[PDB]
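Peer 1: Have a look at the structure that comes next, please.
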Amino acid sequence: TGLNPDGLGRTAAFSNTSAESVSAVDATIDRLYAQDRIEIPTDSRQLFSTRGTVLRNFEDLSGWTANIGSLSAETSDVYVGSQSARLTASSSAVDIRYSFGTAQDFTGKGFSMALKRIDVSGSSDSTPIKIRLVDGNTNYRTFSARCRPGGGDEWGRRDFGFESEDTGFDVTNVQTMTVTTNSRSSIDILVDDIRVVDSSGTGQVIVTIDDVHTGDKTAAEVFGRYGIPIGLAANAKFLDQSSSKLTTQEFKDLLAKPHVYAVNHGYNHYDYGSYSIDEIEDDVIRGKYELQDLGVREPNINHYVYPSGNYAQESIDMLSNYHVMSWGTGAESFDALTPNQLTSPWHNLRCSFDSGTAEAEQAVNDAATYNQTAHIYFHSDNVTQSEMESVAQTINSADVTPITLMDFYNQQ
Amino acid sequence: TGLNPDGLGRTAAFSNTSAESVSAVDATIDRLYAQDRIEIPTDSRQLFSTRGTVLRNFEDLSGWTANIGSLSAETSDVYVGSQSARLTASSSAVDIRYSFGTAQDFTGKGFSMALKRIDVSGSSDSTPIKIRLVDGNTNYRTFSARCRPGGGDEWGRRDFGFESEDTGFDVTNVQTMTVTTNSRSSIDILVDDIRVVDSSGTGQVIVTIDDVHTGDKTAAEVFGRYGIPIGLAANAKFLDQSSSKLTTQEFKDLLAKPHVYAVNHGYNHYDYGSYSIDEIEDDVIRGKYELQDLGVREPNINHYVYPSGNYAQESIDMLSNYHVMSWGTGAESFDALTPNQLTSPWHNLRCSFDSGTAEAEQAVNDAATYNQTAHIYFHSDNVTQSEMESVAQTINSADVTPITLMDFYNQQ
Amino acid sequence: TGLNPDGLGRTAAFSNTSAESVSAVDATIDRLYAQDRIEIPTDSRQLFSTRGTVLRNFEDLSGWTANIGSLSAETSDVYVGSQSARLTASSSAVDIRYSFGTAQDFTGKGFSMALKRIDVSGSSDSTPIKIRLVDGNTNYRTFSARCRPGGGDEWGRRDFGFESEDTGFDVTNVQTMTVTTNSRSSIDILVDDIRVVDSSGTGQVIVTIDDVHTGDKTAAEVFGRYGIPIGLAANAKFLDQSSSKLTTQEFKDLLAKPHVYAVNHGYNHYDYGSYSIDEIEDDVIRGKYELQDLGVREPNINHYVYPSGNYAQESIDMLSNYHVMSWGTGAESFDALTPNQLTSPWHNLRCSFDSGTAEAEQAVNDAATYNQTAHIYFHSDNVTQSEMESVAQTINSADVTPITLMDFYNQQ
Ligand SMILES: [Mg+2]
Ligand SMILES: [Mg+2]
Ligand SMILES: [Mg+2]
Ligand SMILES: [Zn+2]
Ligand SMILES: [Zn+2]
Ligand SMILES: [Zn+2]
């Protein structure tokens, strides 16, 4: 035992102690048996924010022309440097453009930008924001991301997915770059700090299945036919609730298959806005430990997927104590697509194929074509076996590496 | 000190506590002094299992020709997808061939495959399994790995070491690939999911010395002449037992040398089958903490070398709580060799040079020539100083990077 | 709660416990809430020491000729192998030369060497040591590092920054390697194990600001104008001391900016030699936990910058329990400079630009030109805003990636 430790207050020398909960200011442990971390040491929020090189700076707007809408310096609400740029428009799209002092070669370069939504209203309270490159021939190439409420309420980087290209665009001879939106009754959004990242590696695909439906069994068989790895974005309360969701044994048996892995999606799927940050934190913590009891270990259980795609900087700050990376939701090919090097592991989206495989298969083919990473997702109740087989065969026939979320985060 | 925590049961507010053992469900620690992990958060077993791309699928056997032996679909027992290939043969080898719809280029690629042993019997209950590529000239190039009892009793991936090449083989212009065994009185094995991985980097060499014999001093001096890293696969009980084993001070002094590092080999060298999984787990745990007391810290002490080379999925499952990677034993060049990218950190072997340096020097030259990683090993009682000098000069003269196990795992 | 644990001595079954300090031999924790590590599991001291390939081993001095000074095989005192080279000179420099058996190509290679100071005296206690390549035209190219008291008192690898080049030096056709010093009344230094590492990737810049002076606000704006990331080498006691040092809220606000990160510099700036190792360890530990309370999380708070640049192997040994990487100080361009691949994360220096920007802007231009990493530093009280703008524009105009210390360590 020894004698009692040094000091005042209740001090005790024990042999063996059992407790439900231990709070300690400091703990000196000679040998630690604690593989099941809830609270992770890594804060991922700002690690990736300053990768690559700043291509466009916004610190002086003399080089930018407002083509449509309006542009002004914002020196109070600054992402980086001395100022950011306010983009503002009424009943109109905004389009601003910058002309290079010499021809730019952007072969193997992906694009990223800082964004904050102040106001957007019209056909949606959101807009696609599009980085358009333009060549010496006036062909465009478009990369895009979504400015939304919640996830855009505070400054956050988007890593832009390929969207479209005018046939024969000369990426070696880019003469201007342009930033533009859909038209709305009101637009007020801030931007800053455009970054260029090396994306010269192969294209890559990530597949996630949400919400632990019984069809995940047939999904695992289908995507298994080409060794494509599936992430089960798992809610542990949903297991054994009904015939429509996996049993505990089915989930464990699925995760034993070498291509299936689990990521956290909250114990009871508590989404942002629908619940308080505290209740979501409990859902996150409980999701983590329940999945760890089901054998989901560290590199896997460091990933989270936003319940119902809802998020904000509030939820990101909370989640950063427990997870390193998270994914939202979108309907279109550019939502799935990111450069291979991220600059935010929190803000990026996934393309749904619950509504039809077109946008996902467009993303997979574009991932191959333009050397990008595509994240595609579904619920296995919504999607038929034939739809899964279309996507699986698209991925097998494309020039992409199918990868886990763990692999993708390890590449950063 | 404060007042007692919220709750029923025995609750206590302490200042300073000492314990031999603490069991907690929840531990909230504001500052952690616990560098010596026993139980690691990372589960390496299935992380690497979906690296690279599935080259050959076994999901439809219409494309496979049974040259010798016999081939059938297994659908009750499947690594990946809807099916796996059963290979069955009597008083013969099995050899199955797939002819490509167009010429294949495998320059800088390495190969991997999923395997399970159902039965093998004859002169040995084990076989080399060989992936043979064949060119437009009918030159072969062969890579291989071993199907063994224990390590093949459940599905596991092998990552295939180069073995042989017919002079002038055109790796750019492969027309067919072949899976084949040695001849045996009975063969019954399942295969699935052949994977191609990028191995276009330089060749690499890893040297391990097992069981802490006193000759490790001369070994350290010899391999030190060319700064080649030595892994001591260490049993901490063996230190100070006899004049034939290192003293504690000698072992610490060896590890202070910049090229020497320690990996776990069980406190008392308990091996699979010879002892229960529980006893081996205790030996693994004690090995880890005794070596940590001797100063062997995290990236080093995350590696384990199987005692007497014995293992199975039972032991891998247990070891995955404590270690990230383990290595078995073999006698030939294709044992030492792997692609630079593994798909299993658990199933791969090492070539002995206890009996003679030939197959190890072959492995080093193959690693240089064909861009692969070679792991070579010995006991320093079995090997004379001039034999070590032959191997050390072989490594120094070859085009390979000599690396640590830590470096190799960080590259995955 | 359950019944009391197995054992003699004081045993207890608790529900909820609170403690200031817990000492445990074994802790079995089912769910760990301990993001704030003080003791890190990783021991970085010898991980990188045996990267790359040994070029000159000094294990046979038949190939070496003294141009000036004297040389012997040191067999009593050896970094690597059977021997080291003892370099000794009186009232003179030393310069020793090895002729290559053929034209070496060192395009994209960087250089590293083991060093120990026995004695250096005269005009200084210390010397630049230069690795000095000679081409087929008798042009030199020079890389260098500093031999000093303290940091050189025990064997430690230096990774050599570019220093100078005779115009038109053919790096593809190198004919002789030379090792040389400044002239001194006494020189007695041991060298061993010259290593070659691949540094063919892009050049890189790391910017650190020391000692939390209020000018860090203007620095954040200036380097922010180009998205270059700043490391605050932070002392947590200094916050709120004076108008001349940041407030706690200013420091937190600074670290919320995506390009500003914090690294430890000791709670109260206790430097080696000035205080005992125990006092410095307390300063290191308190620095770590106070900065963790300010929100500085794991990958950031795993870096430490030496207070007043003072260090030895004693401090490195102690620091290795808490940090992975540390940086000293120097006045000149080669002090900033390293290959992209280190071999010691502990012995490398930073170039001051407190005394004018010239040597740092030389280092930035050389980082671009020769594909190297440059670490530059200042105190924001010493440096005017125009000097910061000169450095910031130098970095933005150069061909370098500006990076965090975290990014740099993740690349190793
Ligand atoms: Mg700005
Ligand atoms: Mg299969
Ligand atoms: Mg030596
Ligand atoms: Zn969901
Ligand atoms: Zn052994
Ligand atoms: Zn300082």
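FYI, nothing fancy with the structure tokens labels: chains A, B, ... in order, residues from 1 per chain, ligands from 1 as they appear.
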Quick one: which chain C residues come within 12 Å of ligand 1, and what is the nearest atom pair for each with the distance in Å to one decimal, counting only C-alpha atoms and all ligand atoms, rows ordered by chain and ascending number, as a Markdown table?

Peer 2:
```
| residue | atom | partner | partner_atom_place_in_ligand_line | distance |
| --- | --- | --- | --- | --- |
| C:220 | CA | ligand 1 | 1 (Mg) | 11.6 |
| C:221 | CA | ligand 1 | 1 (Mg) | 9.3 |
| C:222 | CA | ligand 1 | 1 (Mg) | 10.6 |
| C:223 | CA | ligand 1 | 1 (Mg) | 10.8 |
| C:224 | CA | ligand 1 | 1 (Mg) | 7.4 |
| C:225 | CA | ligand 1 | 1 (Mg) | 6.3 |
| C:226 | CA | ligand 1 | 1 (Mg) | 8.2 |
| C:227 | CA | ligand 1 | 1 (Mg) | 8.3 |
| C:228 | CA | ligand 1 | 1 (Mg) | 11.8 |
| C:257 | CA | ligand 1 | 1 (Mg) | 11.3 |
| C:258 | CA | ligand 1 | 1 (Mg) | 11.3 |
| C:259 | CA | ligand 1 | 1 (Mg) | 11.5 |
```

Peer 1: Taking C-alpha atoms for each residue, export the selection above as a PDB file, in the first residue's frame.

Peer 2:
```pdb
ATOM      1  CA  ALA C 220      -0.670  38.801 -37.024  1.00  0.00           C
ATOM      2  CA  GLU C 221      -2.073  41.505 -39.359  1.00  0.00           C
ATOM      3  CA  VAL C 222       1.150  41.752 -41.464  1.00  0.00           C
ATOM      4  CA  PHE C 223       1.803  38.004 -41.963  1.00  0.00           C
ATOM      5  CA  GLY C 224      -1.965  37.558 -42.261  1.00  0.00           C
ATOM      6  CA  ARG C 225      -1.866  39.814 -45.385  1.00  0.00           C
ATOM      7  CA  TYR C 226      -0.356  36.753 -47.220  1.00  0.00           C
ATOM      8  CA  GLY C 227      -1.747  33.901 -45.030  1.00  0.00           C
ATOM      9  CA  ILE C 228       1.727  32.958 -43.690  1.00  0.00           C
ATOM     10  CA  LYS C 257      -7.175  33.577 -36.186  1.00  0.00           C
ATOM     11  CA  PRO C 258      -6.587  30.648 -38.605  1.00  0.00           C
ATOM     12  CA  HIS C 259      -2.888  31.432 -39.267  1.00  0.00           C
TER      13      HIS C 259
END
```

Peer 1: Determine which residues of chain B sit within 8 Å of chain A, taking into account only C-alpha atoms, and present them as a ChimeraX atom specification.

Peer 2: /B:1,13-43,46-47,49-54,57,59,79-82,193,289,321

Peer 1: Give me, please, the distance in Å between CA of residue 271 in chain A and CA of residue 283 in chain A, quoted to one decimal.

Peer 2: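 Going from CA of residue 271 in chain A over to CA of residue 283 in chain A, I get 9.4 Å.
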
Peer 1: Give the residue list for ligand 6 at 10 Å, counting only C-alpha atoms and all ligand atoms, as a list in words, sorted by chain and then by residue number.

Peer 2: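 These are the residues that qualify: residues 209, 210, 211, 212, 213, 233, 234, 235, 264, 265, 266, 268, 269, 270, 271, 305, 306, 307, 308, 309, 378 and 379 of chain C.
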
Peer 1: Which residue, A:252, A:130, A:158, A:323, has the smallest gap to residue 144 in chain A when you use only C-alpha atoms?

Peer 2: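 Of all the options, A:130 lies closest to residue 144 in chain A.
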
Peer 1: Could you pull out the helix (DSSP H, G or I) residues of range 267-412 of chain C, going by DSSP on the backbone, and write them as JSON, numbers by chain?

Peer 2: {"C": [277, 278, 279, 280, 281, 282, 283, 284, 285, 286, 287, 288, 289, 290, 291, 292, 293, 298, 299, 300, 301, 307, 308, 309, 313, 314, 315, 316, 317, 318, 319, 333, 334, 335, 336, 358, 359, 360, 361, 362, 363, 364, 365, 366, 367, 368, 369, 370, 385, 386, 387, 388, 389, 390, 391, 392, 393, 394, 395, 396, 397, 405, 406, 407, 408, 409, 410, 411]}

Peer 1: From the list B:395, B:99, B:93, B:195, which residue is nearest ligand 2 when using only C-alpha atoms and all ligand atoms?

Peer 2: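 Using only C-alpha atoms and all ligand atoms, the shortest distance to ligand 2 belongs to B:195.
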
Peer 1: Report, in Å with one decimal, the straight-line distance from CA of residue 142 in chain C to CA of residue 368 in chain C.

Peer 2: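 Distance reported for this atom pair: 16.2 Å.
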
Peer 1: At what distance in Å, to one decimal, does atom 1 (Zn, counted along the ligand's line) of ligand 4 lie from CA of residue 273 in chain A?

Peer 2: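 Rounded to one decimal, the two atoms are 14.7 Å apart.
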
Peer 1: So which residues touch range 108-113 of chain A within 10 Å, counting only C-alpha atoms, skipping near sequence neighbours fewer than 2 positions away, as number ranges by chain?

Peer 2: A: 49, 51-52, 54-56, 105-106, 115, 131, 143-145, 156-162, 171, 191-202, 338-344, 370-372

Peer 1: Excluding residue 100 in chain C and its own-chain neighbours fewer than 6 positions away, which residues fall within 8 Å of it when counting only C-alpha atoms? Please give them as a ChimeraX atom specification.

Peer 2: /C:174-177

Peer 1: Could you please write out, as a PDB file with N, CA and C atoms, in the first residue's frame, every residue of range 257-308 of chain B that DSSP assigns to strand (DSSP E or B)?

Peer 2:
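Okay, this is what ended up in part_25.pdb:
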```
ATOM      1  N   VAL B 260      19.701   1.500 -32.868  1.00  0.00           N
ATOM      2  CA  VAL B 260      19.081   0.374 -32.178  1.00  0.00           C
ATOM      3  C   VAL B 260      17.758   0.816 -31.547  1.00  0.00           C
ATOM      4  N   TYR B 261      16.714   0.011 -31.734  1.00  0.00           N
ATOM      5  CA  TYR B 261      15.403   0.243 -31.139  1.00  0.00           C
ATOM      6  C   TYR B 261      14.838  -1.095 -30.661  1.00  0.00           C
ATOM      7  N   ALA B 262      13.884  -1.073 -29.716  1.00  0.00           N
ATOM      8  CA  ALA B 262      13.312  -2.312 -29.202  1.00  0.00           C
ATOM      9  C   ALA B 262      11.849  -2.447 -29.617  1.00  0.00           C
ATOM     10  N   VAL B 263      11.449  -3.686 -29.920  1.00  0.00           N
ATOM     11  CA  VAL B 263      10.061  -4.051 -30.161  1.00  0.00           C
ATOM     12  C   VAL B 263       9.723  -5.226 -29.244  1.00  0.00           C
ATOM     13  N   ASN B 264       8.448  -5.396 -28.913  1.00  0.00           N
ATOM     14  CA  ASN B 264       8.052  -6.378 -27.920  1.00  0.00           C
ATOM     15  C   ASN B 264       8.102  -7.797 -28.493  1.00  0.00           C
ATOM     16  N   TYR B 272       2.000 -18.874 -29.440  1.00  0.00           N
ATOM     17  CA  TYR B 272       0.656 -19.378 -29.693  1.00  0.00           C
ATOM     18  C   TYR B 272       0.594 -20.912 -29.757  1.00  0.00           C
ATOM     19  N   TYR B 275       0.787 -21.992 -25.198  1.00  0.00           N
ATOM     20  CA  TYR B 275       0.162 -21.364 -24.043  1.00  0.00           C
ATOM     21  C   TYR B 275      -1.237 -20.871 -24.427  1.00  0.00           C
ATOM     22  N   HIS B 303       5.113  -2.116 -31.687  1.00  0.00           N
ATOM     23  CA  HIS B 303       5.413  -3.266 -32.544  1.00  0.00           C
ATOM     24  C   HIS B 303       5.662  -4.538 -31.734  1.00  0.00           C
ATOM     25  N   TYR B 304       5.172  -5.677 -32.239  1.00  0.00           N
ATOM     26  CA  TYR B 304       5.399  -6.964 -31.595  1.00  0.00           C
ATOM     27  C   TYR B 304       5.840  -8.018 -32.600  1.00  0.00           C
ATOM     28  N   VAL B 305       6.862  -8.802 -32.266  1.00  0.00           N
ATOM     29  CA  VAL B 305       7.313  -9.877 -33.133  1.00  0.00           C
ATOM     30  C   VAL B 305       6.815 -11.174 -32.511  1.00  0.00           C
TER      31      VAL B 305
END
```
